[PDB]
Asks: 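Sharing a structure below in structure tokens format, with a few things to ask.
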Amino acid sequence: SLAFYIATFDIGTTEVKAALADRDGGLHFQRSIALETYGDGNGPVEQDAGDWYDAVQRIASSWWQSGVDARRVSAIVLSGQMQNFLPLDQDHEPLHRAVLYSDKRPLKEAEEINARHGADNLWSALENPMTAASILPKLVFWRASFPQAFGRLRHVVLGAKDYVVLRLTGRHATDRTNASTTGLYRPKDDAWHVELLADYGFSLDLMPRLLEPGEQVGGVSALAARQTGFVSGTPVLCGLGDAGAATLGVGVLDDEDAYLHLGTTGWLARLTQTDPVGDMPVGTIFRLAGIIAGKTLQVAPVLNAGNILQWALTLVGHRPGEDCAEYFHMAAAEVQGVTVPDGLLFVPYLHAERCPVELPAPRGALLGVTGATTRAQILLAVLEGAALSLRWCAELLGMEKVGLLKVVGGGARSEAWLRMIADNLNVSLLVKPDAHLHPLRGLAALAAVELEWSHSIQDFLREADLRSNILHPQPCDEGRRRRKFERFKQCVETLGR
Ligand SMILES: Nc1ncnc2c1ncn2[C@@H]1O[C@H](COP(=O)(O)OP(=O)(O)O)[C@@H](O)[C@H]1O
Ligand SMILES: O=C(CO)[C@@H](O)[C@H](O)CO
């Protein structure tokens, strides 16, 4: 017998990652191609969509020339960046650089849309934020500055991997997980928000077809086979946005499962049964459809996360050009055995924030300093403050019944921060290493089911796992931790003046 594979790709924000997955959950022939982002942090956040497909071509070529027979690739499936704005013409050629999720230039457009339609009406329909980063504000902003290119508009691509799927198959599709993020999809109707699009003069023909992640979009076309070396006719599945694929990949499959991404920025998520949406949150919350039938992933994006720990290295002597490794080591060593006084509190909003509070300007402060305060207490207070912000997100997400948080990202290298999170959220934590592979694992599992390699995603993932210790919360004076948390919320409000 010879090995057969699922080709998995993640068209990420900074690189395209890929692997050939076997039925036992192994990820072979791993590849990474870096992507360039344009805008220099000055407002635009943009990429050339052709670079995404160029990466896929380079990857596939590297597989065939490493001895892989493309006929043994039984399916291709992708995840990638969500909440993109990429306008294409009738030849599927870009009319502008793809605009990434973190670009929030269209503030006035979002304000106008919320005013015209009613912020509460939109939240009820979309179950997801309508902000400057949303796709309708970006499409209106683009039409206004580029009317000639707008006249050539035929397709609006909403997620990076959907552009690659279009190049491979000739068909425009997207998954409902990504669709949720855009502010254009109505989860309870399972349809694009027709009357919102029509009000702004946009035809539904611009939008991709909604497909389930395991559904086949089409086979690789003859042209795409010439361009990539994949066998024409190989099934290309729709796949799903990277948040969905990554959470699946670590086994976030059941009600009250939960996930925390601790990168430079991060996000906290709770999977739960789909329910009617409540009142508009103060604090941004996404409700992502489509990852698991009958369930919704509630997500709180956090713009102050690992970057807070990185900032704090200044206190141990880090300077702008220097390598950080030794300073992280020092900071970790300095907080061992230390306790934060109840009165010392660090409000960690060094950058604008979305959750748990909408803050367009920083609100960073160290409060309660006395002559007894030590630098070590301050460094630990910084981790505590970051954890208290996460506790507030957890409250907004309704995470009282969550038993275990799966944790990923470079922030999890801080053992002291993990202790602060477990104790303050009163939740057990399991760190899942090698985060760049998690979406590929999720994609492999969902494709394995469609190929009849496995009966379910759960079966596939558990077998792959047969190839670590949970961190549990310390008993606390619950009341005492709660009171500090309530003080934290009071201080955040008061600092707003
Ligand atoms: N040795 C370390 N100890 C603790 N945290 C670290 C260490 N090295 C890096 N980090 C944290 O990891 C974060 C980056 O995580 P990562 O998953 O790479 O996110 P991103 O891709 O968003 O930069 C940084 O904000 C930094 O604070
Ligand atoms: O586009 C989205 C919606 O969640 C992202 O901003 C999230 O932070 C990760 O899921």
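When reading the values below, keep in mind they use all heavy atoms of this one structure, side chains included, and skip hydrogens, waters and symmetry mates. For ligands, and for the atoms within them, numbers begin at 1 and follow the listed sequence. Starting from 1, each residue takes its place in the sequence as its number.
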Asks: Under the ring pair (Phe, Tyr, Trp, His ring centres under 6.0 Å) definition, can you give me all pairs with a residue in residues 99-141, not counting sequence neighbours?
Replies: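 Those involving residues 99-141 are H117-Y200.
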Asks: Under 3.5 Å, sequence neighbours excluded: what are the donor-acceptor pairs made by side chains of residues 293-308?
Replies:
unit_1 : atom_1 : unit_2 : atom_2 : d
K295   : NZ     : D255   : OD1    : 2.8
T296   : OG1    : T274   : OG1    : 2.7
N304   : OD1    : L350   : N      : 3.1
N304   : OD1    : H351   : N      : 3.0
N304   : OD1    : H351   : ND1    : 3.4
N304   : ND2    : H351   : O      : 3.0
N304   : ND2    : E353   : OE2    : 2.9
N307   : OD1    : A305   : N      : 2.8
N307   : ND2    : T264   : O      : 3.3
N307   : ND2    : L303   : O      : 3.0

Asks: Using the six-membered ring of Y38, assess whether NZ or CZ of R97 lies under 6.0 Å from its centre and within 45 degrees of the ring axis.
Replies: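 Judged by the rule (NZ or CZ under 6.0 Å from the ring centre, within 45° of its axis), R97 counts as positioned above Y38.
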Asks: Residues around ligand 2, heavy atom under 4.0 Å from any ligand atom, sorted by chain and number. Can you pull those?
Replies: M82, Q83, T181, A243, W267, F286, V299, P301
Asks: Is the closest N or O pair between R413 and ligand 1 shorter than 3.5 Å?
Replies: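 Between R413 and ligand 1 (N or O atoms, distance only) the closest approach is under 3.5 Å.
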Asks: Heavy-atom distances under 4.0 Å decide this one: backbone, side chain, both or neither, for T14 against ligand 1?
Replies: neither
Asks: Could you go through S79 and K161, starting from their C-alpha distance and side-chain angles, then the distance that decides it, and tell me whether this counts as side chain to side chain donor-acceptor pair (under 3.5 Å)?
Replies: CA-CA 6 Å; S79 60; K161 59 75 173 164; over 6 Å; no
Asks: Yes or no, since that's all I need: does a protein heavy atom fall within a distance strictly under 4.0 Å of atom 21 (O) of ligand 1?
Replies: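 Given the 4.0 Å cut-off, atom 21 (O) of ligand 1 does not count as touching protein heavy atoms.
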Asks: Where does the angle between the aromatic ring planes of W311 and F346 fall among parallel (under 30°), tilted (30 to 60°) and perpendicular (over 60°)?
Replies: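 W311 and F346: parallel rings.
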Asks: Which residue and non-hydrogen atom of the protein lie closest to atom 24 (C) of ligand 1, and at what distance in Å?
Replies: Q310 NE2, 3.7 Å
Asks: Before signing off on this row, confirm whether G409 and ligand 1 have an N or O atom pair separated by under 3.5 Å.
Replies: no
Asks: Under a 3.5 Å cutoff, is there a donor and acceptor pairing between the side chains of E46 and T37?
Replies: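 Note: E46 and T37 side chains miss the donor-acceptor criterion.
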Asks: So if I count the atoms of ligand 1 from 1 in the order they appear, which ones are less than 4.0 Å from some heavy atom of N307?
Replies: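 Heavy-atom distances to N307 below 4.0 Å select 25 (O).
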Asks: At their closest point, which heavy atom of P106 faces which heavy atom of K138, and how far apart are they?
Replies: CG-CG, 3.8 Å
Asks: Donor-acceptor pair, distance only, cut-off 3.5 Å: does the side chain of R481 make one with the backbone of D423?
Replies: no
Asks: Note the single closest protein heavy atom to atom 2 (C) of ligand 1, along with its residue, its atom name and the distance in Å.
Replies: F328 CG, 3.5 Å
Asks: Quick check: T264 and ligand 1, any N/O pair under 3.5 Å apart?
Replies: yes
Asks: Do the rings of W267 and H261 sit parallel, tilted or perpendicular, given the 30° and 60° boundaries?
Replies: parallel
Asks: Look at atom 18 (O) of ligand 1 and say whether a protein heavy atom is found at less than 4.0 angstrom from it.
Replies: no
Asks: Considering only non-hydrogen protein atoms, determine which one is nearest to atom 5 (N) of ligand 1 and report residue, atom name and distance to 0.1 Å.
Replies: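 Protein heavy atom at minimum distance: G410 O, 3.5 Å.
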Asks: What pairs of donor and acceptor atoms, side-chain ones from residues 242-253 against any protein atom, are under 3.5 angstrom apart with sequence neighbours left out?
Replies:
unit_1 : atom_1 : unit_2 : atom_2 : d
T247   : OG1    : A243   : O      : 2.9
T247   : OG1    : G244   : O      : 3.1

Asks: Please compare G306, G411, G263 and report which has the shortest non-hydrogen distance to atom 27 (O) of ligand 1.
Replies: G306
Asks: Less than 4.0 Å between a side-chain N and a carboxylate O, is that true for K489 and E395?
Replies: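 So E395 pairs with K489 through a salt bridge.
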